[PDB]
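Asks: Dropping the structure in here first, questions after.
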Protein chains: 2
Amino acid sequence: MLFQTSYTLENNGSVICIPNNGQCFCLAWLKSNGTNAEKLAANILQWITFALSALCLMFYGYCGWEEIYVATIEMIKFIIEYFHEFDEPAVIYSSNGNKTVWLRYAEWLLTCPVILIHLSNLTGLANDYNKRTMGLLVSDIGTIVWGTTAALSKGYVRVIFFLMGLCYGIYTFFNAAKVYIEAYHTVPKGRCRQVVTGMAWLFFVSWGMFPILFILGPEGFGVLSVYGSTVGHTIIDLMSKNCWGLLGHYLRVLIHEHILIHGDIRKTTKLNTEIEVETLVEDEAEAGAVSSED
Amino acid sequence: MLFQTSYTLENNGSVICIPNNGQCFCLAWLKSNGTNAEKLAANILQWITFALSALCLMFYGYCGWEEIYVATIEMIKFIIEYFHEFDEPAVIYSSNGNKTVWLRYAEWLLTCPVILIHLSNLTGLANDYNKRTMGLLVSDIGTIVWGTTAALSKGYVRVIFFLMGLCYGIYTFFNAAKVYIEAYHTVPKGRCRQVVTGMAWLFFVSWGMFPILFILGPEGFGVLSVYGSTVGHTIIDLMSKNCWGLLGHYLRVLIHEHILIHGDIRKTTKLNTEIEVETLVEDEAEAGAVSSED
Ligand SMILES: CCCCCCCC/C=C/CCCCCCCC(=O)OC[C@H](O)CO
Ligand SMILES: CCCCCCCC/C=C/CCCCCCCC(=O)OC[C@H](O)CO
Ligand SMILES: *C/C=C(C)/C=C/C=C(C)/C=C/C1=C(C)CCCC1(C)C
Ligand SMILES: *C/C=C(C)/C=C/C=C(C)/C=C/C1=C(C)CCCC1(C)C
C-alpha cells in the first residue's frame, strides 16, 4: 500500500500514532478485500478476459470501429489492473473511508456509450442516428455519473444519487428496448432475427445485473467483498461487451452477406405507440406497405 | 471538515497521534484552499452563475432540450456547491493526498456531450447526426475520463493520462472546428453567419482554457489555489455554457424566422479535404450547384 499501514493504539485504544512520513492513514482502508479464494477467482477471470478480448480484437482484425474500441479498452484495462489494481487511482481510498473502483466507472464511461452507439446501428448500414439515439447516450452517461457519485458517497447522499441513477437507468433500458424492437423487425426474417433476439437477452440481463451488484457490493450494503465484486463484474463484463460484441460482428457479417447476394431491397412495415420500420426483404416481390399490430 | 483535523506532533515531529474516532487523517488535506479574497470572488461568481443560469432557463422557457439540460445541471451544481462544496465527494480527499474536484469533472460529463450534440445541430433543423458526430462525443468523453484520472493521480501517472486527454482533446477540437466550418456555410448569409462566428470564438477560447487551468491548478503544478481554480473555472463555464447556450437559442430563433418567412430553400455548395454542404438561401432564384475553393 501507498497509504499508512503501520500504527500503534495508545491510551486504551483511544489514540492512534503514525510515523510522520507524509502518508495518509485510515482504519477503514485496511479492511480486507476478501479471501484468497476470491483473489484466485478474480485473477483467473481477468486473465480469461484479457486473453479473450485480445482474441476478439485479432479476430475482428481478419465501420466495425465499435467492436474494436471496446475490445481495446478492455485490454488496456487489464494491464492497469495487472500492475496497479489496488493502487490509487484504480481504487480511490477517500477521506470518508470509502474504497471506490474508479477504474470500473471510468471504463464504463469509455465503453458503454460506444456499445449504445453500436446498438443504434446494429445492422451497420445506417449512416445517421436519430434524436432518440442521443437521449440514450445522455441518459446512460448520467447513470454512470450518479452511480459513481453514489459509490463515492455514504448514507443518505449515496441513496439519493443511486436513485437518480436508477431513474436515468430505467430511461436507458426503456429506450434500448425500443431500439431492439425496431432492430428485430428491420433485419431479415431468418438467422438475423435470432441473433438480435440473443443480444436483447444478453443486453438486458448483463446490464440489469449492474445495479444489483452495486447494491450488494461495498458501494451498497457490503454483502460482497471487493474481490467478490470484481469476480461478478468481470463475468457480466464478458456478457455485456465481449460476447455481445462478438454477436454484433457476426450480425453485421450476416447483414452484409444478405445485401451482397440479394441487394438492398426494402419494404415499409408499420408497428402500431405507432412506429414505422423499413424491413429488409429478400426479393423484389415485396416492396409494399405491410403492418403489424402489437 | 469530516476528516481528522486535530493532531499532536510527538517525538520531535516524527509521530502524529489522533483520536481513534474512525476518521481518516492526512496533512496534505489540511493545506489551505486559498485567501479570503479568493473565497469572496468564488462565492460571487457562483451566485452570478446560479442566478444567470436560472434566468437562462426561465428565459428559454418563454427541440430546444440542449439549452435547458445544461442550464438545469448548472443550477443543480450550485446548490451542491452551496451546501457541500468541500464535502466529500464534491471534493475527493484521497489517500495519495490529492484534492480532486469530482463535482467539476462529473458536471463536465453531464454537460459537455450535450453541448457537442447542440453543436452538431446548430440550426436545429436536422433530425439526424452523422458518424462524425459520434466520434466527437466519444473523443470528448475520453478526454474528461483521462483528465479526471490525471487529476486523481500524481507524478508520471498524472502526466501520461493528461497527455492522452490532450490527444483526445485535440481530436475533439479538430472535429468541432470541422462542424463550425460546415455550419458557417450552411446558415443564411447575414446575421446567422455572425452568430456562428461568435460561437466558434467563444467555443475554442473557453474550451481551450480548460487544459491550461488544469496545468496551473492543484491538479498540475499548483500555481493556482483551490479557490483560484474555482474562480477561473466559473468564468470559462459562463462562456462555454451560459453565453454559448444563449447564442444557440438566439441562432435557432433566427434560423426559424428565416424558414417561416422564406421557407426551406436549399442550394448545394461544395467546399474543396473536399466537403459538401447544403446552404440555406432566401429565394428560389438560387437552387444551383455552387462551390468554394479553400
Ligand atoms: C436498471 C433498470 C431496471 C431497474 C432494476 C434495478 C435493479 C435492482 C435495483 C433495485 C431497488 C433500488 C434499491 C435502492 C437502495 C440503494 C441504497 C444503497 O445503495 O444503500 C446505501 C446505504 O446508505 C448503505 O447502507
Ligand atoms: C486542447 C487542444 C489544443 C491543445 C492546447 C493545450 C493547452 C495547453 C496544454 C499544453 C502542453 C501540455 C503540458 C503537459 C504537462 C502536464 C503534466 C502535469 O500536469 O504535471 C504533472 C506533474 O507531475 C506535476 O508536477
Ligand atoms: C461494460 C460495462 C457496462 C455495460 C456497465 C453497465 C452499467 C450499468 C447499466 C449500471 C447501472 C446502474 C444503475 C441502473 C443505477 C445506478 C447504479 C448503476 C450505475 C450500477
Ligand atoms: C462546461 C464545461 C466544459 C465545456 C469543459 C470542458 C473541458 C475541457 C475541454 C477539458 C480538456 C482537457 C484537455 C484538452 C486535456 C486533458 C485535461 C482536460 C480534461 C482539462
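Letters A, B, ... mark the chains of the C-alpha cells in the order given; residue numbers begin at 1 per chain; ligand numbers begin at 1, in order shown.
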Enumerate as a ChimeraX atom specification the residues within 10 Å of ligand 2, counting only C-alpha atoms and all ligand atoms.

Replies: /B:143,147,150-151,153-163,165-174,204-205,207-222

Asks: Hey, what's within 12 Å of residue A:18 if we count only C-alpha atoms and toss same-chain stuff fewer than 2 positions away? As a PyMOL selection string, please?

Replies: (chain A and resi 3-10+15-16+20-27) or (chain B and resi 7-11+13-20+25-26)

Asks: Using DSSP assignments from the backbone, pull out every residue in stretch 114-160 of chain B that falls under alpha helix (DSSP H) and give it to me as a PyMOL selection string.

Replies: chain B and resi 114-119+131-152+155-160

Asks: Would you mind exporting N, CA and C atoms of the selected residues as an mmCIF file, in the first residue's frame?

Replies:
data_model
loop_
_atom_site.group_PDB
_atom_site.id
_atom_site.type_symbol
_atom_site.label_atom_id
_atom_site.label_comp_id
_atom_site.auth_asym_id
_atom_site.auth_seq_id
_atom_site.Cartn_x
_atom_site.Cartn_y
_atom_site.Cartn_z
ATOM 1 N N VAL B 114 -23.655 17.206 -24.227
ATOM 2 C CA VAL B 114 -24.895 17.839 -24.668
ATOM 3 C C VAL B 114 -24.583 19.094 -25.471
ATOM 4 N N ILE B 115 -23.577 19.861 -25.038
ATOM 5 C CA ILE B 115 -23.097 20.987 -25.836
ATOM 6 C C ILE B 115 -22.665 20.505 -27.215
ATOM 7 N N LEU B 116 -21.973 19.363 -27.270
ATOM 8 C CA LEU B 116 -21.492 18.873 -28.556
ATOM 9 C C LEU B 116 -22.646 18.360 -29.405
ATOM 10 N N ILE B 117 -23.680 17.803 -28.771
ATOM 11 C CA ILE B 117 -24.879 17.420 -29.512
ATOM 12 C C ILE B 117 -25.530 18.670 -30.092
ATOM 13 N N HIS B 118 -25.649 19.718 -29.268
ATOM 14 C CA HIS B 118 -26.128 21.014 -29.739
ATOM 15 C C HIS B 118 -25.291 21.481 -30.922
ATOM 16 N N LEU B 119 -23.963 21.435 -30.768
ATOM 17 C CA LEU B 119 -23.065 21.891 -31.824
ATOM 18 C C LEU B 119 -23.333 21.151 -33.127
ATOM 19 N N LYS B 131 -21.928 9.972 -38.657
ATOM 20 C CA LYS B 131 -20.912 9.233 -37.914
ATOM 21 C C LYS B 131 -19.924 10.161 -37.216
ATOM 22 N N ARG B 132 -19.572 11.286 -37.850
ATOM 23 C CA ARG B 132 -18.554 12.158 -37.265
ATOM 24 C C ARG B 132 -19.021 12.718 -35.924
ATOM 25 N N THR B 133 -20.323 12.999 -35.795
ATOM 26 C CA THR B 133 -20.870 13.449 -34.516
ATOM 27 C C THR B 133 -20.518 12.468 -33.405
ATOM 28 N N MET B 134 -20.664 11.171 -33.683
ATOM 29 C CA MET B 134 -20.467 10.151 -32.663
ATOM 30 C C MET B 134 -19.012 10.130 -32.215
ATOM 31 N N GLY B 135 -18.089 10.315 -33.157
ATOM 32 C CA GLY B 135 -16.680 10.387 -32.809
ATOM 33 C C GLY B 135 -16.385 11.593 -31.940
ATOM 34 N N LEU B 136 -17.035 12.722 -32.236
ATOM 35 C CA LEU B 136 -16.881 13.911 -31.406
ATOM 36 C C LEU B 136 -17.228 13.593 -29.954
ATOM 37 N N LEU B 137 -18.322 12.859 -29.729
ATOM 38 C CA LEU B 137 -18.790 12.607 -28.367
ATOM 39 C C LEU B 137 -17.842 11.642 -27.660
ATOM 40 N N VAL B 138 -17.402 10.600 -28.371
ATOM 41 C CA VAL B 138 -16.572 9.552 -27.781
ATOM 42 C C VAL B 138 -15.194 10.110 -27.444
ATOM 43 N N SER B 139 -14.648 10.956 -28.323
ATOM 44 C CA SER B 139 -13.359 11.583 -28.045
ATOM 45 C C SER B 139 -13.469 12.490 -26.829
ATOM 46 N N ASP B 140 -14.602 13.178 -26.680
ATOM 47 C CA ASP B 140 -14.724 14.150 -25.601
ATOM 48 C C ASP B 140 -14.886 13.440 -24.267
ATOM 49 N N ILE B 141 -15.646 12.342 -24.245
ATOM 50 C CA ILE B 141 -15.804 11.580 -23.009
ATOM 51 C C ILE B 141 -14.444 11.078 -22.553
ATOM 52 N N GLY B 142 -13.653 10.548 -23.491
ATOM 53 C CA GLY B 142 -12.332 10.054 -23.140
ATOM 54 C C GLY B 142 -11.472 11.152 -22.549
ATOM 55 N N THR B 143 -11.540 12.355 -23.131
ATOM 56 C CA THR B 143 -10.761 13.482 -22.622
ATOM 57 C C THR B 143 -11.031 13.670 -21.138
ATOM 58 N N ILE B 144 -12.310 13.743 -20.773
ATOM 59 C CA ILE B 144 -12.680 14.009 -19.389
ATOM 60 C C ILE B 144 -12.230 12.858 -18.497
ATOM 61 N N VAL B 145 -12.409 11.616 -18.967
ATOM 62 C CA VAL B 145 -12.040 10.448 -18.166
ATOM 63 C C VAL B 145 -10.535 10.426 -17.920
ATOM 64 N N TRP B 146 -9.741 10.690 -18.966
ATOM 65 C CA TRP B 146 -8.291 10.767 -18.799
ATOM 66 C C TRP B 146 -7.917 11.950 -17.917
ATOM 67 N N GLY B 147 -8.545 13.110 -18.150
ATOM 68 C CA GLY B 147 -8.241 14.278 -17.339
ATOM 69 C C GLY B 147 -8.581 14.041 -15.882
ATOM 70 N N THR B 148 -9.735 13.421 -15.623
ATOM 71 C CA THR B 148 -10.126 13.135 -14.247
ATOM 72 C C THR B 148 -9.115 12.193 -13.615
ATOM 73 N N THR B 149 -8.753 11.134 -14.346
ATOM 74 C CA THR B 149 -7.777 10.174 -13.841
ATOM 75 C C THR B 149 -6.452 10.864 -13.553
ATOM 76 N N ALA B 150 -6.029 11.759 -14.454
ATOM 77 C CA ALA B 150 -4.806 12.525 -14.238
ATOM 78 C C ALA B 150 -4.899 13.347 -12.962
ATOM 79 N N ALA B 151 -6.038 14.013 -12.745
ATOM 80 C CA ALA B 151 -6.204 14.819 -11.540
ATOM 81 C C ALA B 151 -6.134 13.945 -10.295
ATOM 82 N N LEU B 152 -6.670 12.725 -10.380
ATOM 83 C CA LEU B 152 -6.648 11.808 -9.247
ATOM 84 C C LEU B 152 -5.255 11.236 -9.006
ATOM 85 N N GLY B 155 2.564 12.491 -10.145
ATOM 86 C CA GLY B 155 3.820 12.142 -10.789
ATOM 87 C C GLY B 155 3.612 11.749 -12.236
ATOM 88 N N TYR B 156 4.304 10.685 -12.650
ATOM 89 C CA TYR B 156 4.341 10.330 -14.064
ATOM 90 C C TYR B 156 3.003 9.765 -14.527
ATOM 91 N N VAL B 157 2.258 9.134 -13.617
ATOM 92 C CA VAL B 157 0.934 8.618 -13.951
ATOM 93 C C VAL B 157 0.012 9.762 -14.350
ATOM 94 N N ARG B 158 0.045 10.856 -13.584
ATOM 95 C CA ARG B 158 -0.718 12.048 -13.942
ATOM 96 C C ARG B 158 -0.329 12.547 -15.328
ATOM 97 N N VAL B 159 0.971 12.564 -15.633
ATOM 98 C CA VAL B 159 1.429 13.188 -16.869
ATOM 99 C C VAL B 159 0.921 12.396 -18.067
ATOM 100 N N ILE B 160 1.004 11.066 -17.990
ATOM 101 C CA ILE B 160 0.591 10.216 -19.105
ATOM 102 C C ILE B 160 -0.893 10.402 -19.393
#

Asks: Using DSSP assignments from the backbone, pull out every residue in stretch 50-266 of chain B that falls under strand (DSSP E or B) and give it to me as a ChimeraX atom specification.

Replies: /B:92-94,99-100,129,265-266

Asks: Can you pull out every residue within 10 Å of residue A:125, counting only C-alpha atoms, but drop anything in the same chain fewer than 3 positions away, and send it as a PDB file with N, CA and C atoms, in the first residue's frame?

Replies:
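Result file follows (part.pdb):
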ATOM      1  N   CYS A  63     -16.509   1.870 -40.089  1.00  0.00           N
ATOM      2  CA  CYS A  63     -17.344   0.681 -39.947  1.00  0.00           C
ATOM      3  C   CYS A  63     -16.592  -0.412 -39.189  1.00  0.00           C
ATOM      4  N   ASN A 121     -26.993   1.146 -34.362  1.00  0.00           N
ATOM      5  CA  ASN A 121     -26.734   0.772 -35.746  1.00  0.00           C
ATOM      6  C   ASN A 121     -26.318  -0.702 -35.786  1.00  0.00           C
ATOM      7  N   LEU A 122     -27.234  -1.566 -35.334  1.00  0.00           N
ATOM      8  CA  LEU A 122     -26.943  -2.994 -35.237  1.00  0.00           C
ATOM      9  C   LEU A 122     -26.630  -3.586 -36.607  1.00  0.00           C
ATOM     10  N   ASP A 128     -26.700   7.553 -40.292  1.00  0.00           N
ATOM     11  CA  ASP A 128     -27.217   8.590 -39.418  1.00  0.00           C
ATOM     12  C   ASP A 128     -27.792   7.969 -38.149  1.00  0.00           C
ATOM     13  N   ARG A 252     -23.443  -8.258 -38.180  1.00  0.00           N
ATOM     14  CA  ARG A 252     -23.106  -7.350 -39.274  1.00  0.00           C
ATOM     15  C   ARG A 252     -22.617  -8.106 -40.507  1.00  0.00           C
ATOM     16  N   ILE A 255     -25.726  -9.404 -42.158  1.00  0.00           N
ATOM     17  CA  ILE A 255     -26.434  -8.340 -42.862  1.00  0.00           C
ATOM     18  C   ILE A 255     -25.717  -8.053 -44.175  1.00  0.00           C
ATOM     19  N   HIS A 256     -24.381  -8.082 -44.140  1.00  0.00           N
ATOM     20  CA  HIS A 256     -23.576  -7.739 -45.306  1.00  0.00           C
ATOM     21  C   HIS A 256     -23.750  -8.792 -46.390  1.00  0.00           C
ATOM     22  N   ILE A 259     -27.025  -8.358 -48.253  1.00  0.00           N
ATOM     23  CA  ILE A 259     -27.089  -7.277 -49.225  1.00  0.00           C
ATOM     24  C   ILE A 259     -26.244  -7.629 -50.443  1.00  0.00           C
ATOM     25  N   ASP A 264     -30.043  -4.502 -51.563  1.00  0.00           N
ATOM     26  CA  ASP A 264     -30.746  -3.750 -50.526  1.00  0.00           C
ATOM     27  C   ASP A 264     -32.166  -3.496 -51.025  1.00  0.00           C
TER      28      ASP A 264
END

Asks: Between atom CA of residue A:62 and atom CA of residue A:246, what is the distance, to one decimal in Å?

Replies: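 Distance between the two atoms: 13.4 Å.
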
Asks: Taking into account only C-alpha atoms, which residue in the set B:75, B:40, B:51, B:126 is nearest to chain A?

Replies: B:126

Asks: What does the distance from atom CA of residue A:272 to atom CA of residue A:287 come to in Å, to one decimal?

Replies: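 Between these atoms lies a distance of 19.5 Å.
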
Asks: Between atom CA of residue B:99 and atom 19 (C, counted along the ligand's line) of ligand 3, what is the distance, to one decimal in Å?

Replies: 23.5 Å

Asks: May I have the residues within 10 Å of residue B:206 as an MDAnalysis selection string, using only C-alpha atoms and disregarding those fewer than 2 positions away in the same chain?

Replies: chainID B and resid 200:204 208:210 233 235:241 244

Asks: Generate the output file for the selected residues, N, CA, C and O atoms, as a CSV table (one decimal), in the first residue's frame.

Replies:
chain,number,residue,atom,x,y,z
B,200,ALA,N,-17.8,30.1,-32.5
B,200,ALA,CA,-16.6,29.5,-32.7
B,200,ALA,C,-15.5,30.1,-31.8
B,200,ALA,O,-14.7,29.4,-31.2
B,201,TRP,N,-15.5,31.5,-31.8
B,201,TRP,CA,-14.5,32.2,-31.0
B,201,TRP,C,-14.7,31.8,-29.5
B,201,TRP,O,-13.8,31.3,-28.8
B,202,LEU,N,-16.0,32.0,-29.0
B,202,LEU,CA,-16.3,31.6,-27.7
B,202,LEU,C,-15.9,30.1,-27.4
B,202,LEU,O,-15.3,29.8,-26.3
B,203,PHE,N,-16.2,29.2,-28.3
B,203,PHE,CA,-16.1,27.8,-28.1
B,203,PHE,C,-14.6,27.4,-27.9
B,203,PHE,O,-14.2,26.9,-26.9
B,204,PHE,N,-13.8,27.8,-28.9
B,204,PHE,CA,-12.4,27.4,-28.9
B,204,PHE,C,-11.6,28.1,-27.8
B,204,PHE,O,-10.7,27.5,-27.2
B,208,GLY,N,-10.6,25.8,-24.8
B,208,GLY,CA,-9.2,25.8,-24.9
B,208,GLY,C,-8.5,26.2,-23.6
B,208,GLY,O,-7.4,25.8,-23.3
B,209,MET,N,-9.3,27.0,-22.8
B,209,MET,CA,-8.8,27.5,-21.5
B,209,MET,C,-8.7,26.3,-20.5
B,209,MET,O,-8.0,26.5,-19.5
B,210,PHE,N,-9.5,25.3,-20.7
B,210,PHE,CA,-9.6,24.2,-19.6
B,210,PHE,C,-8.3,23.5,-19.4
B,210,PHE,O,-7.9,23.4,-18.2
B,233,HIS,N,-12.6,28.7,-13.3
B,233,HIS,CA,-13.4,27.7,-14.0
B,233,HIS,C,-14.8,28.2,-14.1
B,233,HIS,O,-15.5,27.9,-15.1
B,235,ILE,N,-15.6,31.3,-14.6
B,235,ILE,CA,-15.6,32.3,-15.7
B,235,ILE,C,-15.8,31.6,-17.0
B,235,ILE,O,-16.8,31.9,-17.8
B,236,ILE,N,-14.9,30.6,-17.3
B,236,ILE,CA,-15.0,29.9,-18.6
B,236,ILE,C,-16.2,29.0,-18.7
B,236,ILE,O,-16.6,28.7,-19.8
B,237,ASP,N,-16.8,28.7,-17.5
B,237,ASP,CA,-18.1,28.0,-17.6
B,237,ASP,C,-19.2,28.9,-18.2
B,237,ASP,O,-20.0,28.5,-19.0
B,238,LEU,N,-19.2,30.2,-17.7
B,238,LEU,CA,-20.2,31.1,-18.2
B,238,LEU,C,-20.0,31.3,-19.7
B,238,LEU,O,-21.0,31.3,-20.5
B,239,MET,N,-18.8,31.2,-20.2
B,239,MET,CA,-18.5,31.4,-21.6
B,239,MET,C,-19.0,30.1,-22.4
B,239,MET,O,-19.7,30.2,-23.4
B,240,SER,N,-18.5,28.9,-21.9
B,240,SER,CA,-18.7,27.7,-22.6
B,240,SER,C,-20.1,27.2,-22.6
B,240,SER,O,-20.6,26.6,-23.6
B,241,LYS,N,-20.9,27.6,-21.6
B,241,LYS,CA,-22.2,27.1,-21.4
B,241,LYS,C,-23.3,28.2,-21.5
B,241,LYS,O,-23.9,28.3,-22.6
B,244,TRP,N,-22.7,30.7,-24.6
B,244,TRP,CA,-22.8,29.9,-25.8
B,244,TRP,C,-24.2,29.4,-26.0
B,244,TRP,O,-24.8,29.4,-27.1

Asks: Given the choices A:28, A:176, A:71, A:80, which gets closest to chain B if the distance is worked out from only C-alpha atoms?

Replies: A:28

Asks: Write out as a PyMOL selection string which residues come within 12 Å of residue A:79 when counting only C-alpha atoms, dropping same-chain ones fewer than 5 positions away.

Replies: chain A and resi 46-47+49-51+54+72-74+84-85+90+103

Asks: Report as a PyMOL selection string all protein, DNA and RNA residues lying within 10 Å of stretch 68-70 of chain B, evaluated on only C-alpha atoms, omitting residues in the same chain fewer than 4 positions from it.

Replies: chain B and resi 53-54+56-61+64+74-76+107-108+110-115+241-242+245

Asks: Rank nothing, just name the residue among B:34, B:288, B:232, B:263 nearest to ligand 4, using only C-alpha atoms and all ligand atoms.

Replies: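 For ligand 4, the nearest of the given residues is B:232.
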
Asks: Between A:261, A:223, A:271, A:280, which residue has the minimum interatomic distance to ligand 1, considering only C-alpha atoms and all ligand atoms?

Replies: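 Once distances to ligand 1 are computed over only C-alpha atoms and all ligand atoms, the minimum belongs to A:223.
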
Asks: From the set B:42, B:106, B:289, B:91, which residue has the shortest atom-to-atom contact distance to ligand 4, counting only C-alpha atoms and all ligand atoms?

Replies: B:106
